[PDB]
Amino acid sequence: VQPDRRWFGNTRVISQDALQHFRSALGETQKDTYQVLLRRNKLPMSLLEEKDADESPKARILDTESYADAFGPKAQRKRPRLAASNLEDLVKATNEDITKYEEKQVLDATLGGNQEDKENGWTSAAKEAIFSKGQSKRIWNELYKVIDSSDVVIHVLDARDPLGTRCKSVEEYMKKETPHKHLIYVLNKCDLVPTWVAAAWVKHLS
Amino acid sequence: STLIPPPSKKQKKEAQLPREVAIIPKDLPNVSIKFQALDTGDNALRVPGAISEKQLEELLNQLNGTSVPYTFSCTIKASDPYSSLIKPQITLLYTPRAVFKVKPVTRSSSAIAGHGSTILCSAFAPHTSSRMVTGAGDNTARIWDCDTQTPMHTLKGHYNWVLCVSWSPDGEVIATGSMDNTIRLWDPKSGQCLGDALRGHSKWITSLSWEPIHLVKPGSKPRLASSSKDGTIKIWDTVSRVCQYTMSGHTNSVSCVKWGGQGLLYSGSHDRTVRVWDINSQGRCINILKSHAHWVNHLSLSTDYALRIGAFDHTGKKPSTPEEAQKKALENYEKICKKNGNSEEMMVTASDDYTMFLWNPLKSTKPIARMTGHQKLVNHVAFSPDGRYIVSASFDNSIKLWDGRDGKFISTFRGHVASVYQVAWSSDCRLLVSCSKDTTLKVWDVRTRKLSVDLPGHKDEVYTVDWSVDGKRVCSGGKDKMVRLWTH
Amino acid sequence: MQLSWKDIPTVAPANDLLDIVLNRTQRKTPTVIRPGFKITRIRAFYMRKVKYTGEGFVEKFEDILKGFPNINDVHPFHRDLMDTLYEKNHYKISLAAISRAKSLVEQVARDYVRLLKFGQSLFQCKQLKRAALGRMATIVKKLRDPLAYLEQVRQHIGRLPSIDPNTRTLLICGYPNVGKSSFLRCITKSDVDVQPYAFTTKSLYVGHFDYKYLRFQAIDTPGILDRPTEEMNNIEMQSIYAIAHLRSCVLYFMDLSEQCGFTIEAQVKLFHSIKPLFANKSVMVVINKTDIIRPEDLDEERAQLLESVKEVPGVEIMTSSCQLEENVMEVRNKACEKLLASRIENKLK
Amino acid sequence: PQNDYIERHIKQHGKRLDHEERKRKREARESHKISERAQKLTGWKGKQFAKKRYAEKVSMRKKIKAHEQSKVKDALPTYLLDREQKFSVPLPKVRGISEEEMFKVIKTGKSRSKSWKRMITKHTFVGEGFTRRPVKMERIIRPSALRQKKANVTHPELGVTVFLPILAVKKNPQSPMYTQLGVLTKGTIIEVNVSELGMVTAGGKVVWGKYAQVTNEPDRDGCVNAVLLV
RNA sequence: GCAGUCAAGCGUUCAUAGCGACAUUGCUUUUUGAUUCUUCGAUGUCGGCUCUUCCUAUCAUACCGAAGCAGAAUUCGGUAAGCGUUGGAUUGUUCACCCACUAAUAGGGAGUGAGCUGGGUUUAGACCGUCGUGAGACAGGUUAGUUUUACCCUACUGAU
RNA sequence: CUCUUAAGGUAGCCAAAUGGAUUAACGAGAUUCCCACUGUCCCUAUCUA
RNA sequence: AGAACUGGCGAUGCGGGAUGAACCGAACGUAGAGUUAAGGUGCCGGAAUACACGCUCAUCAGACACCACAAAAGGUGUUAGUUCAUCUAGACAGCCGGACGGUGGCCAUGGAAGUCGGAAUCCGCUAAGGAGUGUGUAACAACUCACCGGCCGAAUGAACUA
Ligand SMILES: Nc1nc2c(ncn2[C@@H]2O[C@H](COP(=O)(O)OP(=O)(O)OP(=O)(O)O)[C@@H](O)[C@H]2O)c(=O)[nH]1
Ligand SMILES: [Mg+2]
C-alpha cells in the first residue's frame with residue numbers, strides 16, 4: 001500500500017446549509033404510490049434523522065445503586081425509593097390494584113379449559129407436521145433467492161380473501177433491506193367473486 | 001461536498017415567469033382587533049383599516065398613556081406573528097421588548113495564546129467588556145484585555161488546576177475555585193494576593209456564587225458562597241477572610257450552588273436532592289426537593305442573569321454611591337421580578353434521568369412541570385435574562401427550547417454534531433450561543449428558532465463560553481489552549 | 001405459579017456457568033478430527049460444536065427466565081413484597097439482561113454456523129469455531145453482576161412463607177417489644193423468637209390453627225414506629241403492606257406498661273396515623289401484659305386515651321396475657337367470630 | 001421453612017459436637033490436598049488446576065503489594081470530571097493471496113462437467129443497490145452470507161471504537177480485480193460513514209467520509225475490523 | 001478478532017532501544033423476561049436393516065463430596081464402562097425436528113460398497129425450461145431403465 | 001408543452017342454451033388418501049414335496 | 001517460497017542404528033592370519049551382573065528421535081547452588097502473660113461499641129498494642145492476630161538458579 005497524501009484527508013463532507021435543507025424535506029415528503037424509487041442519493045442519514053419524541057428513555061438505576069448494595073449481605077438500602085406519600089394514598093393505591101387483578105382472572109377464565117384439562121389429567125394432541133408446510137428452510141431459502149434475483153417482485157393475492165393471503169414480513173423486510181426492488185400486488189381469481197368486490201379490493205389496496 | 005440538488009427543467013420555467021409583487025392592495029377592510037397581554041390582562045374591541053406594525057405601537061401608547069414599544073403576535077394552532085392577514089377575527093398578543101439590538105456575532109479576532117494547557121472556565125467582567133478572566137488547567141488564571149486582545153496581569157497563586165471562576169457583581173473582586181482545596185480572592189487592577197488563601201473545604205471546589213447587591217447593606221462588600229466535592233457549602237466573608245457557618249445537609253458532592261433572590265441559597269447535588277437554604281437561620285435547611293432518579297447537574301434561576309451583573313446595565317455607567325448602587329441593583333431586579341406584581345422566582349434543574357423539573361420553592365415543595373424530551377443527559381440549563389424562555393444543553397447534540405412560565409415545550413435547535421456542554425444568552429433575549437465537543441460554536445436565533453451563523457475557529461474541544469453584557473463580544477475556551485474572542 | 005417459589009434451578013456465577021457449558025461440549029460432542037478428512041466432515045464437526053454450545057446457554061438461561069416468579073402479574077401483595085425485599089427495578093433489569101443475553105447467543109450461533117458452511121480448510125473452520133465460542137464467553141462474562149444478584153434472591157425467595165391472601169387470616173400488629181410474637185407462639189405451632197429487644201422478627205412469620213373445623217392463619221409481623229411516614233424501613237414496610245393488601249381481621253397490640261422503652265400516648269398516635277389502613281378490615285385492640293399492672297389501676301387522664309381509641313367505628317379493647325392461657329384462647333375466638341360474620345355477609349351477596 | 005430457619009436452628013440447638021474439630025483439620029489437610037492434586041489429576045483437569053493456581057498466586061502478590069504501597073504514606077471542567085470514557089498506512093505489505101484460493105470452482109450439469117462458475121470465498125462489500133444477475137449470465141458468485149455492510153472502526157486517538165456502515169472499497173492490495181468485486185481481506189482500504197464520531201473540518205462543514213484500513217482477516221472470524229486513516 | 005490500558009518479566013549487562021504473562025476497558029443495535037414471525041447460495045456423499053465388539057469424553061443404575069442440601073425433588077463435582085439406552089409421525093427433502101412411554105432415551109470408533117437394499121454413480125427412450133443461427137449443452141425440473149460366487153485356502157461354528 | 005384510484009352488497013350488466021382447458025370416456029402411463037383384508041410386523045412356530 | 005555453491009542417492013554391495021532410498025562407519029577379484037571403525041559387552045547375542053563418583057521411585061519412570069512440540073507455568077517430590085535478611089543485647093517452633101487509655105472517634109440507623117457500610121486514619125502513655133487481621137453477638141461480651149515479654153537454648157527465615 002503506497003504512502004499518499006490522499007487518505008488521512010476527508011473524502012466526502014456535507015454543507016451546514018445542506019443539512020438544514022435536507023432536514024426539512026423529511027417533513028415535506030410525501031410518498032406517492034404510483035411513483036417508485038430507482039436510486040437513493042448517498043446521504044449521512046444519522047444526522048438528518050432523530051425526530052422529536054416527547055417522553056424520553058428511563059433513568060439508569062445501575063449507576064446509582066449496583067446490585068450488591070441493592071440486595072445481599074453487603075446491602076446498603078434501608079428505605080425504598082421513591083416510596084408512597086401518605087397512607088390514604090397507599091390504601092387508595094391498593095384497592096384498585098386488587099380489583100384490576102380480580103378482573104384479569106375473570107377475563108382469563110373466559111379466554112380459557114387449559115387448566116381444567118390438566119386437573120382432569122389429560123393433554124391435547126400433537127399438532128400435525130403437514131400444517132407446517134411451508135415454512136421449511138429449503139423453500140424460504142428458495143424465496144430469498146428470487147427476491148435477491150428479481151428487480152420487480154410481484155405478489156399475487158387470492159381475490160376471495162386477500163388480507164388473509166397477503167403476508168406482512170416480506171414487505172417489511174423489502175423496505176428495510178432493498179428499497180430499489182419495486183413491489184406490486186396482483187389480485188387474481190377475480191372470476192370467483194362478484195364484479196363490485198374485485199373493483200373494491202383494488203380500491204382498498206391501490 | 002454533497003450538494004442541495006439542482007432545479008429541474010420545469011422549475012426553471014416556474015422562475016422565468018414574472019410574479020407576485022408585495023403590492024398591499026389598499027388595504028382597508030374593517031376587521032375587528034382584540035388586545036391581550038401575555039402576563040394576564042385583556043384590554044377591548046377596536047375595528048380599524050389595515051396598517052403597518054410600527055403604527056399599532058402608536059395606537060397602543062396613547063391608549064395606555066405611556067410616552068414603551070411592544071412586540072406583537074397572533075393566532076394562539078399556528079402561533080405566528082396585513083402580514084398575518086395574508087395567511088387567511090384577530091386576537092392580538094402584545095408583550096414588552098426591553099428595547100435594544102445585540103448583533104449577530106460573526107467574525108473571530110485572532111487566537112490569543114498564553115498558558116500552555118486546556119482552558120477550564122472563562123467569565124467576563126460585568127461592568128465592562130474589556131475585562132475577562134480565564135481559569136486554566138495550568139495553575140495560573142489569566143485576565144485578558146479584550147479590546148487590545150492581550151494579557152492584563154498574568155496571575156499566579158494556586159498549586160493545582162483552577163476549575164471555576166467568578167467576577168463579583170459590584171466588580172471589585174474576582175474569585176477562583178481550585179482542584180486542590182482553596183479559594184483565592186483577587187483585585188483586577190493590582191492582581192495581587194488579598195491576604196492568605198481561603199482554606200476550609202477538604203476536596204475540590206465545584207462552583208462559586210456571590211451574594212447579590214440588593215440584599216447587602218449600602219457600604220458593605222458582598223459575601224461569597226462556595227460548594228465543594230466533599231458535599232459541604234461554606235459562606236466566605238471577603239474582609240475577615242473566615243467562614244461564618246459551614247452547611248452540611250448533602251451527603252454526596254454538590255454539583256453547583258446559587259444565591260437566590262430572597263436570602264435563599266439553592267444547592268444542586270449528587271444525592272438526587274435540591275436543598276432550599278435560608279441565610280437568616282445561620283446555617284439551616286428549610287425545604288428538601290426530591291424528584292430525580294439520577295444525580296443533579298446544574299441549577300438555573302429566573303433572576304440569575306440580573307444577580308450576576310448586579311446594578312451594571314448594558315452601558316456600564318457606574319453607580320456614584322453605594323446608596324445609588326442599592327437602587328440600581330433593585331431596579332434591574334424589579335424589571336424582571338414583578339411579572340404579575342409578585343416576586344415569583346422560578347428554579348430549574350438538569351439531571352442524568354434525561355429530564356428537567358420546574359420548581360417554585362417558596363410557593364410549593366412540589367414541582368410544577370416535567371420537561372421531558374432528551375435522549376442522553378442534560379448538562380447546562382439557562383433561563384433567558386427576562387425569565388421567559390428556558391433552554392438546556394444536552395449530550396444528544398441538540399438544544400431544546402422550553403417556555404419558562406409553564407415549562408412547556410417550544411422547539412429544538414439542530415445543527416451540532418457532537419455533544420453540547422454549555423450555552424449562554426444575549427441580553428436582549430434574541431440570540432443564543434452554544435459550544436460543543438467538536439470545534440464549532442454556533443449562535444441561535446430564538447425568534448425564528450433557527451441557526452443564525454456557524455463559526456469555526458478552534459483546533460479541538462471547546463469547554464467554556466460566555467457572552468459580554470453589552471453584547472459586542474463573546475469569549476471561548478477549550479483544549480487547544482488558545483482563547484478566541486468573537487465579535488460582529 | 002402461586003404461593004411460594006422453592007423450585008427454581010440454582011444458578012452459577014459467570015466464571016462457573018461458563019466452565020460448565022463449555023466443558024459439557026468438550027465431553028458430550030466428539031473431540032477428534034484430522035485435517036485430511038473430507039471438508040464436509042470437518043465442517044460438520046465444527047458446526048455441531050457451535051450449535052451445541054449455543055443451546056447449552058439457551059437451555060441454562062431459559063430455566064432462569066421460566067423459573068423466576070414474574071413479579072407483576074403475581075398478586076398485588078406479593079408484587080409489593082418482592083419490591084420491599086429485592087427491589088423491583090433491579091429484579092426486573094437483572095432478568096431482562098439474561099433475556100437479552102439469551103438472544104445474542106442465538107444470533108452468534110446462527111451467524112457463525114452460516115459462515116462455517118463456506119469454511120474451506122481445517123484452519124479457517126477451527127478459527128471460526130473459536131471465534132463463535134469466544135463471543136459467547138464474552139457475552140456471559142458481561143453477566144457477572146446480575147447472576148450474583150439473582151443467586152441470592154433465589155436463596156431468599158424459596159425461604160418465604162406461603163400465605164394465601166384469599167383465606168381467613170389475622171394480622172398481629174403494633175410497636176416492637178409488646179408481646180405479639182409470644183401470642184403467635186402460644187396460639188399456634190410456630191418457631192418465632194421471643195427475645196427482649198426491639199426488632200427480633202425481621203420478616204412476616206406465619207402460623208395456622210383450626211377453630212370451628214376451619215384453617216385460619218395468623219401473621220406475626222415485625223412492628224411499626226410512628227415516624228413522618230414518607231420514609232419507613234423495608235423491615236417496617238412489610239407490615240404496612242400486609243395490613244393494606246390482605247383481607248381478614250387485625251389485632252392491634254398495646255403494652256399498657258412501664259415496660260417497652262416506648263411511651264403509651266405514642267401507641268395511640270400510631271393507631272390514629274394507621275387508621276386509614278383499617279377501613280375495609282374489621283379491627284380488635286389487645287392490651288397485652290395485664291398481670292403486673294392492669295387496665296383498671298391507671299391514672300384518669302391517661303385512661304381517657306383508651307376511650308379516644310374507642311371512638312373509631314368498629315373496635316373492641318380486650319385484656320390478655322401469656323401467663324394464663326385461657327385468656328389468650330378467648331382472643332382468637334372473638335377474632336375469628338368477627339371475621340366469619342364478615343365472610344358470610346360477603347358470601348350471601 | 002419460613003425465613004432464616006437453619007440460622008435459628010444453629011442459634012438454639014447448636015452445630016454438631018465435633019464440627020470445630022472437623023473443620024480445623026480440613027484446613028490443615030488442605031495444604032497437603034493442593035500438593036496431591038497438583039501431582040495427580042491427569043490431562044486437562046491438570047491444566048485447569050495449574051491455570052487456576054497461577055491466578056490464586058498472582059492475586060496474592062497484588063494484595064501483598066497493595067498493602068506495601070498503602071503502608072508508606074490532563075485537566076477537565078467540573079461537569080466533565082466525576083466521569084470516565086510521513087503518510088504511511090498502518091499496514092503496508094500484507095501477505096499475498098493466490099487467485100486459486102479465494103476463487104472456489106463451481107461445476108454445473110448432470111454430469112458435473114462444465115466448471116466456469118467461480119465463488120468468492122473471501123468476504124465482500126457489494127453495494128447499496130445490488131440485485132443478482134441471471135443464473136445463466138452469472139459467473140463470479142459472491143454469496144449472501146459473505147456480504148458485510150457495517151465494519152467495526154477504531155481511532156488511534158481517543159480510544160473508542162464504533163460500529164460504522166461501509167460506503168465503498170477504494171484500494172485493494174493484490175490486484176485491481178478485488179477492488180472491483182469489493183473483496184475486503186486484510187489490508188484493504190474502505191470508505192467509512194463517520195457521523196457518530198462527529199468530525200468537523202476547519203471550514204466548518206462536518207465530515208462523513210473517512211478512509212479506513214482493515215486490520216484483521218475477516219474470513220477467519222466474521223467481524224470486519226478497521227482503523228481510521230485519521 | 002482488532003485497537004488500547006496496568007506490569008510479574010525477557011531484552012548479552014539494562015527500568016523508560018522494541019517485546020511482555022495473569023488481569024482489564026471499548027461495540028456486534030432498545031437495561032423493566034416485550035418479542036426477536038431473519039430460515040439469506042454446505043457443488044459433496046450417505047442412510048438403514050441385520051449382527052458383533054471396543055473407547056469414556058457417564059444419559060441411567062452403585063458409592064462418595066460440595067451447595068440455604070429441613071423434608072421431597074434438584075443442581076454442580078469425584079471414582080466408575082459391571083449393566084442398560086426404546087416406541088412412532090414427517091421427503092411440496094429429514095445435515096433435522098416434534099410427543100409418547102421410560103430408571104434413562106449419553107457421545108463416539110472399527111464398521112457392515114459382494115449379507116441385502118433405497119437415493120445417487122449412469123449410457124441408449126421421452127417431455128418442459130434456459131442457452132445456442134444450428135449440431136447440441138446446461139441454472140433447471142420430470143419420468144422409464146439385466147450383473148448373476150465358494151465347489152479352493154484360511155477364519156468362524158459344530159462333527160470324527 | 002401538457003396527463004392516468006370512477007364500478008359497492010352474497011353473485012352484475014351482458015353477447016351469438018353457454019361463459020368453457022377445473023374437458024366426459026379410455027390407460028400393464030406418474031402420485032396421494034379411505035374402506036375391506038390380511039404373517040407386512042409385534043414374533044415367530046409347524047407341515048408337504 | 002524462488003535464487004548460489006558443496007555433498008549424498010541414481011549405476012553401489014558390506015559393518016552398525018531390533019526393522020528402513022537419503023542417518024553413523026566404509027577403496028567389493030579368491031582364500032588365510034592379525035588389528036580396528038561405527039556400534040556394543042544381564043539374557044536373547046560375540047564381548048566386564050567391570051571399576052569409580054554423584055543423581056532418580058514414577059497407581060503403567062527412563063533407556064530418544066535434542067540443541068524442538070505439547071512449554072509457560074503448576075507440586076508441603078528430592079539434592080546442590082546464588083543473593084539478601086534475623087541471631088547468647090537469646091533468633092526459629094511451641095505453650096503462658098500483656099494487647100491498654102481520649103472513646104461506645106465522626107457521620108450514618110430500627111440496632112453497628114475495632115470487625116453490614118461511607119469518609120478520615122490522629123494524639124497520648126508505652127516494653128508493645130491497627131480509630132484494628134479474622135471467628136463471634138440483635139447490639140455489647142468472650143476468643144483470636146500484629147506487636148511486645150517470660151520460660152526454653154543455636155542456628156533459622158525469605159526469594160531466586162540448576
Ligand atoms: N410479664 C409478661 N411479659 C410478657 C407477656 N407476654 C410477653 N411478655 C414479654 O415480651 C417479651 C418479648 O416480646 P415478644 O413476645 O417477642 O413481642 P415482640 O418483640 O413485640 O414480637 P416480635 O418483635 O415479633 O418478636 C418477653 O421479655 C416477655 O417477658 C406477659 O403476658 N406477661
Ligand atoms: Mg421481641
# chains A, B, ... in the order shown; residues from 1 in each chain; ligands from 1
>>> residues_near_ligand(ligand="ligand 1", cutoff="6 Å", atoms="only C-alpha atoms (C1' of nucleotides) and all ligand atoms", output="NGL selection string")
:C and (176-182 or 193-196 or 198-201 or 220-222 or 289 or 321-323)
>>> interface_residues(of="chain F", to="chain A", cutoff="8 Å", atoms="only C-alpha atoms (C1' of nucleotides)", output="list in words")
residues 5, 7, 8, 11 and 12 of chain F
>>> select_by_dssp(residues="segment 44-132 of chain D", states="strand (DSSP E)", output="list in words")
residues 103, 104, 105, 106, 117, 118, 119 and 120 of chain D
>>> interface_residues(of="chain C", to="chain A", cutoff="6 Å", atoms="only C-alpha atoms", output="PDB file with N, CA and C atoms, in the first residue's frame")
ATOM      1  N   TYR C  86     -36.443  -7.292  47.504  1.00  0.00           N
ATOM      2  CA  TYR C  86     -35.398  -7.490  46.482  1.00  0.00           C
ATOM      3  C   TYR C  86     -35.126  -6.261  45.614  1.00  0.00           C
ATOM      4  N   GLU C 230     -43.535   9.166  55.321  1.00  0.00           N
ATOM      5  CA  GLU C 230     -42.984   9.058  53.969  1.00  0.00           C
ATOM      6  C   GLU C 230     -41.875   8.013  53.939  1.00  0.00           C
ATOM      7  N   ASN C 233     -38.794   1.939  57.048  1.00  0.00           N
ATOM      8  CA  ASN C 233     -37.766   0.998  56.599  1.00  0.00           C
ATOM      9  C   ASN C 233     -38.408  -0.160  55.860  1.00  0.00           C
ATOM     10  N   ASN C 234     -37.619  -0.821  55.020  1.00  0.00           N
ATOM     11  CA  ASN C 234     -38.040  -2.059  54.359  1.00  0.00           C
ATOM     12  C   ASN C 234     -38.503  -3.149  55.332  1.00  0.00           C
ATOM     13  N   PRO C 276     -56.499   4.894  58.562  1.00  0.00           N
ATOM     14  CA  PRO C 276     -56.994   4.687  57.185  1.00  0.00           C
ATOM     15  C   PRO C 276     -56.598   3.378  56.470  1.00  0.00           C
TER      16      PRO C 276
END
>>> interface_residues(of="chain B", to="chain G", cutoff="12 Å", atoms="only C-alpha atoms (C1' of nucleotides)", output="tab-separated table (two decimals) with C-alpha atoms, in the first residue's frame")
chain	number	residue	atom	x	y	z
B	202	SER	CA	-11.46	19.29	52.11
B	203	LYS	CA	-11.89	18.32	48.41
B	229	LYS	CA	-16.89	17.84	46.29
B	230	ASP	CA	-16.93	16.73	49.95
B	231	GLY	CA	-20.56	17.98	49.88
B	248	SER	CA	-23.68	20.10	55.68
B	249	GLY	CA	-27.07	18.71	54.60
B	250	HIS	CA	-25.99	16.92	51.41
B	251	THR	CA	-24.28	13.51	51.68
B	252	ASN	CA	-22.65	13.35	48.22
B	253	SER	CA	-20.83	16.09	46.24
>>> interface_residues(of="chain D", to="chain B", cutoff="6 Å", atoms="only C-alpha atoms", output="PyMOL selection string")
chain D and resi 75+77+198+204
>>> write_last_selection(atoms="C-alpha atoms", output="tab-separated table (two decimals), in the first residue's frame")
chain	number	residue	atom	x	y	z
D	75	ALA	CA	-7.31	18.66	33.41
D	77	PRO	CA	-14.02	21.08	33.75
D	198	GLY	CA	-18.66	13.88	14.70
D	204	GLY	CA	-16.97	24.29	9.48
>>> atom_distance(atom1="atom CA of residue 66 of chain C", atom2="atom CA of residue 98 of chain C")
11.5 Å
>>> residues_around(residues="residue 148 of chain G", least_positions_apart="6", cutoff="8 Å", atoms="only C-alpha atoms (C1' of nucleotides)", output="MDAnalysis selection string")
chainID G and resid 98 127:129
>>> residues_around(residues="residue 145 of chain E", least_positions_apart="4", cutoff="12 Å", atoms="only C-alpha atoms (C1' of nucleotides)", output="PDB file with N, CA and C atoms (P, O5', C5', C4', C3', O3' and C1' of nucleotides), in the first residue's frame")
ATOM      1  P     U E 122     -22.203 -40.009 -12.957  1.00  0.00           P
ATOM      2  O5'   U E 122     -23.015 -40.905 -13.996  1.00  0.00           O
ATOM      3  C5'   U E 122     -24.346 -40.541 -14.422  1.00  0.00           C
ATOM      4  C4'   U E 122     -24.995 -41.674 -15.191  1.00  0.00           C
ATOM      5  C3'   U E 122     -26.435 -42.038 -14.800  1.00  0.00           C
ATOM      6  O3'   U E 122     -27.433 -41.688 -15.780  1.00  0.00           O
ATOM      7  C1'   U E 122     -25.094 -43.993 -15.053  1.00  0.00           C
ATOM      8  P     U E 123     -27.572 -42.419 -17.227  1.00  0.00           P
ATOM      9  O5'   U E 123     -26.459 -41.713 -18.129  1.00  0.00           O
ATOM     10  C5'   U E 123     -25.200 -42.343 -18.471  1.00  0.00           C
ATOM     11  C4'   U E 123     -25.143 -42.745 -19.929  1.00  0.00           C
ATOM     12  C3'   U E 123     -26.444 -42.717 -20.718  1.00  0.00           C
ATOM     13  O3'   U E 123     -26.725 -41.383 -21.150  1.00  0.00           O
ATOM     14  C1'   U E 123     -25.309 -44.756 -21.134  1.00  0.00           C
ATOM     15  P     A E 124     -28.163 -40.992 -21.760  1.00  0.00           P
ATOM     16  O5'   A E 124     -28.233 -41.856 -23.097  1.00  0.00           O
ATOM     17  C5'   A E 124     -29.197 -42.912 -23.226  1.00  0.00           C
ATOM     18  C4'   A E 124     -28.952 -43.716 -24.482  1.00  0.00           C
ATOM     19  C3'   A E 124     -30.173 -43.894 -25.379  1.00  0.00           C
ATOM     20  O3'   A E 124     -30.303 -42.845 -26.341  1.00  0.00           O
ATOM     21  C1'   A E 124     -29.100 -45.993 -25.024  1.00  0.00           C
ATOM     22  P     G E 125     -31.404 -41.676 -26.178  1.00  0.00           P
ATOM     23  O5'   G E 125     -32.679 -42.240 -26.954  1.00  0.00           O
ATOM     24  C5'   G E 125     -33.193 -43.569 -26.723  1.00  0.00           C
ATOM     25  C4'   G E 125     -34.704 -43.582 -26.639  1.00  0.00           C
ATOM     26  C3'   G E 125     -35.426 -42.242 -26.538  1.00  0.00           C
ATOM     27  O3'   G E 125     -35.675 -41.614 -27.791  1.00  0.00           O
ATOM     28  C1'   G E 125     -36.190 -43.641 -24.813  1.00  0.00           C
TER      29        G E 125
END
>>> atom_distance(atom1="atom CA of residue 89 of chain C", atom2="atom CA of residue 146 of chain C")
12.1 Å
>>> interface_residues(of="chain E", to="chain D", cutoff="7 Å", atoms="only C-alpha atoms (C1' of nucleotides)", output="ChimeraX atom specification")
/E:1-4,22,26-27,40-41,43,70,138-139
>>> select_by_dssp(residues="chain A", states="alpha helix (DSSP H)", output="ChimeraX atom specification")
/A:16-28,45-48,61-64,87-111,114-120,137-149,170-177,195-205
>>> interface_residues(of="chain E", to="chain A", cutoff="7 Å", atoms="only C-alpha atoms (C1' of nucleotides)", output="VMD selection string")
chain E and resid 39 to 40 90 99
>>> write_last_selection(atoms="C-alpha atoms (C1' of nucleotides)", output="PDB file, in the first residue's frame")
ATOM      1  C1'   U E  39     -34.841 -19.843   7.727  1.00  0.00           C
ATOM      2  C1'   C E  40     -30.204 -15.253   3.136  1.00  0.00           C
ATOM      3  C1'   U E  90     -42.928 -36.136   8.986  1.00  0.00           C
ATOM      4  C1'   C E  99     -44.986 -36.417  21.585  1.00  0.00           C
TER       5        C E  99
END
>>> interface_residues(of="chain B", to="chain A", cutoff="10 Å", atoms="only C-alpha atoms", output="MDAnalysis selection string")
chainID B and resid 1:5 270:272 290:295 351:355 371:377 396:398 409 411:412 414:417 450:451 453:454
>>> atom_distance(atom1="atom CA of residue 336 of chain B", atom2="atom CA of residue 73 of chain B")
20.7 Å
>>> interface_residues(of="chain G", to="chain A", cutoff="9 Å", atoms="only C-alpha atoms (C1' of nucleotides)", output="PyMOL selection string")
chain G and resi 109+116-117
>>> write_last_selection(atoms="C-alpha atoms (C1' of nucleotides)", output="PDB file, in the first residue's frame")
ATOM      1  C1'   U G 109     -29.673   3.956  61.905  1.00  0.00           C
ATOM      2  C1'   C G 116     -23.282  -4.584  57.237  1.00  0.00           C
ATOM      3  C1'   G G 117     -21.276   0.292  55.381  1.00  0.00           C
TER       4        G G 117
END
>>> interface_residues(of="chain B", to="chain F", cutoff="12 Å", atoms="only C-alpha atoms (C1' of nucleotides)", output="number ranges by chain")
B: 9-10, 13
>>> interface_residues(of="chain E", to="chain C", cutoff="12 Å", atoms="only C-alpha atoms (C1' of nucleotides)", output="ChimeraX atom specification")
/E:1,28-36,38-46,55-59,67-70,72-77,95,106-109
